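Next up: a single chain in structure tokens, the form solved without its partner chain.
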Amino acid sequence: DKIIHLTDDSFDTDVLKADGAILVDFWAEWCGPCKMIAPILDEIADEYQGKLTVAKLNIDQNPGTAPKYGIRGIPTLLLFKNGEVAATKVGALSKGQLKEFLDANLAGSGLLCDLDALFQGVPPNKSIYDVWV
């Protein structure tokens, strides 16, 4: 398996000082919707190999990390990139909603000095109505 299980002690090394992007899952044994995404994370961890690392932090066994980042509800996903919080996704979600979240934020860096990396691929599309009008 390719999922790191974090602790409050190991969180510094495994996440903040990690290479590439790390997806940190905040969960607990009593979180219903947290168990919903648990199998999805395994599929993500295997399909996004080499470009993303999936990490889980149990907030019961590790209560120190969650409040520091203002995590007040679970499930909560923090996407870390080179020490910073790149993006955040809250609540239960489908495998498709998780992919859309990942695809849009695996920008890499840490910009603006690497902003060019965002134009060296195939641009995504929106409709003006996607602003919801």
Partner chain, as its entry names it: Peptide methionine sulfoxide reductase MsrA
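Numbering follows the first chain given and starts at 1.
One more form of this protein exists, namely the form solved in complex with its partner chain; it is left out here, but the text below deals with it.
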| property | result |
| --- | --- |
| Partner proximity in the deposited complex: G83 to its partner chain, non-hydrogen atom cutoff 4.5 Å | no |
| Interface membership of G50, its partner chain in the deposited complex, 4.5 Å heavy atom rule | no |
| Contact test in the deposited complex: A45 vs its partner chain, heavy atoms, 4.5 Å | no |
| Its partner chain contact at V54 in the deposited complex, heavy atom, 4.5 Å | no |
